[PDB]
file my_file_18.txt (compact mmCIF, C-alpha atoms)
# COMPACT_ATOMS: atom_id res chain seq x y z
CA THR Q 1 -9.36 50.58 -84.66
CA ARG Q 2 -9.37 54.37 -85.73
CA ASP Q 3 -5.98 54.29 -87.44
CA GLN Q 4 -6.65 54.05 -91.14
CA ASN Q 5 -3.17 55.06 -92.28
CA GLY Q 6 -1.78 52.91 -95.00
CA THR Q 7 -1.60 51.82 -98.59
CA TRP Q 8 -4.68 49.70 -99.21
CA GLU Q 9 -5.21 47.22 -102.14
CA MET Q 10 -8.59 46.24 -103.17
CA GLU Q 11 -9.54 42.57 -102.79
CA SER Q 12 -13.25 42.77 -103.40
CA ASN Q 13 -15.74 45.14 -104.96
CA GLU Q 14 -19.49 44.41 -104.52
CA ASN Q 15 -22.32 46.30 -106.30
CA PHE Q 16 -20.16 49.11 -107.64
CA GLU Q 17 -22.49 49.07 -110.67
CA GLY Q 18 -25.61 49.63 -108.54
CA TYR Q 19 -23.93 52.49 -106.69
CA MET Q 20 -22.79 54.30 -109.86
CA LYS Q 21 -26.27 53.73 -111.48
CA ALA Q 22 -27.81 55.31 -108.39
CA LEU Q 23 -25.53 58.36 -108.94
CA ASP Q 24 -26.74 58.44 -112.60
CA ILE Q 25 -23.31 57.83 -114.02
CA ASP Q 26 -23.79 57.22 -117.68
CA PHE Q 27 -23.66 53.63 -118.88
CA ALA Q 28 -20.60 53.79 -121.09
CA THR Q 29 -18.60 55.33 -118.22
CA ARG Q 30 -19.77 52.68 -115.77
CA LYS Q 31 -18.58 49.86 -118.06
CA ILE Q 32 -15.08 51.38 -118.03
CA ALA Q 33 -15.01 52.58 -114.43
CA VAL Q 34 -15.21 49.55 -112.22
CA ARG Q 35 -11.79 48.19 -111.57
CA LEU Q 36 -11.21 45.21 -109.29
CA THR Q 37 -7.65 46.47 -108.83
CA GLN Q 38 -7.57 49.80 -106.98
CA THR Q 39 -5.22 51.37 -104.49
CA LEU Q 40 -6.39 53.60 -101.62
CA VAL Q 41 -3.71 55.58 -99.89
CA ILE Q 42 -4.57 57.30 -96.63
CA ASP Q 43 -2.38 59.72 -94.58
CA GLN Q 44 -4.04 60.45 -91.27
CA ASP Q 45 -2.55 62.93 -88.77
CA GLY Q 46 -4.92 63.82 -85.91
CA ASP Q 47 -8.00 65.14 -87.60
CA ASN Q 48 -6.43 65.65 -90.98
CA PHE Q 49 -6.77 63.17 -93.69
CA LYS Q 50 -5.24 63.10 -97.14
CA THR Q 51 -6.54 60.34 -99.36
CA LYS Q 52 -5.70 59.28 -102.93
CA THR Q 53 -7.63 56.53 -104.77
CA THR Q 54 -5.72 55.14 -107.84
CA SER Q 55 -6.52 52.72 -110.67
CA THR Q 56 -5.91 52.49 -114.40
CA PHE Q 57 -9.31 54.13 -114.83
CA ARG Q 58 -8.78 57.34 -112.87
CA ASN Q 59 -6.67 58.87 -110.11
CA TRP Q 60 -8.56 60.99 -107.60
CA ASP Q 61 -7.71 62.73 -104.37
CA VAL Q 62 -9.54 64.34 -101.48
CA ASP Q 63 -8.33 65.95 -98.31
CA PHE Q 64 -10.56 66.70 -95.32
CA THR Q 65 -10.50 67.51 -91.63
CA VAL Q 66 -12.80 65.43 -89.43
CA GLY Q 67 -15.58 67.53 -88.09
CA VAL Q 68 -15.19 70.48 -90.60
CA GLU Q 69 -17.90 70.72 -93.29
CA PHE Q 70 -16.59 71.14 -96.86
CA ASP Q 71 -18.32 71.81 -100.15
CA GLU Q 72 -17.64 69.28 -102.98
CA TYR Q 73 -18.34 69.53 -106.70
CA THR Q 74 -18.19 65.99 -107.86
CA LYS Q 75 -17.12 66.84 -111.45
CA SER Q 76 -15.16 63.55 -111.65
CA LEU Q 77 -18.29 61.42 -111.00
CA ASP Q 78 -21.88 62.63 -111.21
CA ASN Q 79 -21.28 66.39 -111.38
CA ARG Q 80 -23.24 67.62 -108.39
CA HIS Q 81 -22.74 69.99 -105.48
CA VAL Q 82 -22.82 68.46 -102.00
CA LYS Q 83 -21.94 69.62 -98.51
CA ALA Q 84 -19.67 66.89 -97.05
CA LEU Q 85 -18.88 66.23 -93.43
CA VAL Q 86 -16.71 63.36 -92.04
CA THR Q 87 -17.10 62.37 -88.39
CA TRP Q 88 -16.43 59.37 -86.17
CA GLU Q 89 -19.19 57.09 -84.80
CA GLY Q 90 -17.05 54.95 -82.52
CA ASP Q 91 -14.33 53.53 -84.72
CA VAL Q 92 -16.40 53.95 -87.97
CA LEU Q 93 -15.47 56.97 -90.09
CA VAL Q 94 -18.75 58.35 -91.51
CA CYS Q 95 -19.06 60.75 -94.47
CA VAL Q 96 -22.49 62.26 -95.26
CA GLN Q 97 -22.69 64.20 -98.57
CA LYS Q 98 -25.80 66.41 -98.17
CA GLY Q 99 -27.51 67.40 -101.46
CA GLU Q 100 -29.97 65.96 -103.94
CA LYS Q 101 -29.36 62.26 -103.39
CA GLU Q 102 -30.56 60.77 -100.15
CA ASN Q 103 -28.43 58.46 -98.07
CA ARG Q 104 -25.33 59.66 -99.96
CA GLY Q 105 -21.85 59.16 -98.38
CA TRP Q 106 -19.76 56.40 -97.11
CA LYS Q 107 -18.60 54.56 -93.96
CA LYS Q 108 -15.05 53.30 -93.56
CA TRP Q 109 -13.66 51.08 -90.86
CA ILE Q 110 -10.64 48.83 -89.99
CA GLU Q 111 -11.64 45.31 -88.75
CA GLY Q 112 -8.75 43.02 -88.08
CA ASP Q 113 -6.05 43.49 -90.73
CA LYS Q 114 -8.45 44.87 -93.48
CA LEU Q 115 -10.12 48.17 -94.47
CA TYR Q 116 -13.88 48.07 -95.26
CA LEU Q 117 -15.57 50.78 -97.25
CA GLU Q 118 -19.30 51.04 -97.77
CA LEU Q 119 -20.37 53.61 -100.39
CA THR Q 120 -24.02 54.58 -100.32
CA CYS Q 121 -26.43 56.41 -102.58
CA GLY Q 122 -30.29 56.19 -102.46
CA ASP Q 123 -31.17 52.52 -101.84
CA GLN Q 124 -27.81 51.20 -103.10
CA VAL Q 125 -24.73 50.11 -101.14
CA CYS Q 126 -21.38 49.24 -102.60
CA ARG Q 127 -19.00 47.26 -100.30
CA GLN Q 128 -15.29 47.32 -100.90
CA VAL Q 129 -12.59 45.40 -98.92
CA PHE Q 130 -8.92 46.28 -98.98
CA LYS Q 131 -5.86 44.53 -97.58
CA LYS Q 132 -3.00 46.49 -96.26
CA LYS Q 133 -0.04 46.51 -98.70

call {"tool": "encode", "arguments": {"input": "my_file_18.txt", "output": "structure tokens"}}
result
Amino acid sequence: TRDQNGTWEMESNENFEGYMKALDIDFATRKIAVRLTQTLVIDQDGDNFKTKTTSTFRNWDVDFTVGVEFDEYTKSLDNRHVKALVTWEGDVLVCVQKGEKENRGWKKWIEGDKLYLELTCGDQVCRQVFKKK
């Protein structure tokens, strides 16, 4: 389904280390980032999304309109400039972050009662599963 509204609680986190290493996040930060407990909160109204990802490590927020390119300066992560665009491929929400890293972005989808998020950078994929709270 395309409705990703909800408050979403992480139940698994695979290869988050590999993903952050592929973004060149420094080692000491990676040890402390990485939380198996993480809340994703999504407000979706037509093409407008407001998302907030929360954890005892960091709180972060990003708002976007599907189909409207937006510049990002990822000062909270690897400190790069990317051009981001979020679009639907069927019921999979696809973000590509164009810039230095290849294959950078993410895909997000609802399957059954759960939210699946696949974060990509270079050759690395991080898979996260959330249950609806």

call {"tool": "closest_residue", "arguments": {"input": "my_file_18.txt", "among": "Q:48, Q:4, Q:55, Q:128", "to": "residue 93 (chain Q)", "atoms": "only C-alpha atoms"}}
result
Q:4

call {"tool": "closest_residue", "arguments": {"input": "my_file_18.txt", "among": "Q:96, Q:58, Q:113, Q:52", "to": "residue 70 (chain Q)", "atoms": "all atoms listed in the file"}}
result
Q:96

call {"tool": "atom_distance", "arguments": {"input": "my_file_18.txt", "atom1": "CA of residue 109 (chain Q)", "atom2": "CA of residue 79 (chain Q)"}}
result
26.7 Å

call {"tool": "atom_distance", "arguments": {"input": "my_file_18.txt", "atom1": "CA of residue 46 (chain Q)", "atom2": "CA of residue 71 (chain Q)"}}
result
21.1 Å

call {"tool": "residues_near_point", "arguments": {"input": "my_file_18.txt", "point": "(-19.7, 49.2, -117.8)", "cutoff": "12 Å", "atoms": "all atoms listed in the file", "output": "ChimeraX atom specification"}}
result
/Q:16-18,20-21,25-35,57

call {"tool": "residues_near_point", "arguments": {"input": "my_file_18.txt", "point": "(-14.7, 60.5, -86.4)", "cutoff": "12 Å", "atoms": "all atoms listed in the file", "output": "number ranges by chain"}}
result
Q: 1-4, 44, 46-49, 64-68, 85-96, 107-109

call {"tool": "residues_around", "arguments": {"input": "my_file_18.txt", "residues": "residue 42 (chain Q)", "least_positions_apart": "2", "cutoff": "10 Å", "atoms": "only C-alpha atoms", "output": "VMD selection string"}}
result
chain Q and resid 3 to 8 39 to 40 44 to 45 49 to 53 61 to 63

call {"tool": "write_last_selection", "arguments": {"input": "my_file_18.txt", "atoms": "C-alpha atoms", "output": "short mmCIF file (atom, residue, chain, number, x, y, z; two decimals), in the coordinates of the input"}}
result
data_model
loop_
_atom_site.label_atom_id
_atom_site.label_comp_id
_atom_site.auth_asym_id
_atom_site.auth_seq_id
_atom_site.Cartn_x
_atom_site.Cartn_y
_atom_site.Cartn_z
CA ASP Q 3 -5.98 54.29 -87.44
CA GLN Q 4 -6.65 54.05 -91.14
CA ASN Q 5 -3.17 55.06 -92.28
CA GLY Q 6 -1.78 52.91 -95.00
CA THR Q 7 -1.60 51.82 -98.59
CA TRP Q 8 -4.68 49.70 -99.21
CA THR Q 39 -5.22 51.37 -104.49
CA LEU Q 40 -6.39 53.60 -101.62
CA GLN Q 44 -4.04 60.45 -91.27
CA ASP Q 45 -2.55 62.93 -88.77
CA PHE Q 49 -6.77 63.17 -93.69
CA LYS Q 50 -5.24 63.10 -97.14
CA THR Q 51 -6.54 60.34 -99.36
CA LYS Q 52 -5.70 59.28 -102.93
CA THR Q 53 -7.63 56.53 -104.77
CA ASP Q 61 -7.71 62.73 -104.37
CA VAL Q 62 -9.54 64.34 -101.48
CA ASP Q 63 -8.33 65.95 -98.31
#

call {"tool": "atom_distance", "arguments": {"input": "my_file_18.txt", "atom1": "CA of residue 103 (chain Q)", "atom2": "CA of residue 43 (chain Q)"}}
result
26.3 Å

call {"tool": "axis_aligned_box", "arguments": {"input": "my_file_18.txt", "around": "region 83-102 of chain Q", "padding_each_side": "3 Å", "output": "lines of an AutoDock Vina configuration file"}}
result
center_x = -22.4
center_y = 61.6
center_z = -93.2
size_x = 22.2
size_y = 22.1
size_z = 27.4

call {"tool": "residues_around", "arguments": {"input": "my_file_18.txt", "residues": "region 119-124 of chain Q", "least_positions_apart": "4", "cutoff": "7 Å", "atoms": "only C-alpha atoms", "output": "PyMOL selection string"}}
result
chain Q and resi 18-19+22-23+101-107

call {"tool": "closest_residue", "arguments": {"input": "my_file_18.txt", "among": "Q:129, Q:99, Q:80, Q:12", "to": "residue 24 (chain Q)", "atoms": "all atoms listed in the file"}}
result
Q:80

call {"tool": "closest_residue", "arguments": {"input": "my_file_18.txt", "among": "Q:110, Q:36, Q:41, Q:84", "to": "residue 133 (chain Q)", "atoms": "all atoms listed in the file"}}
result
Q:41
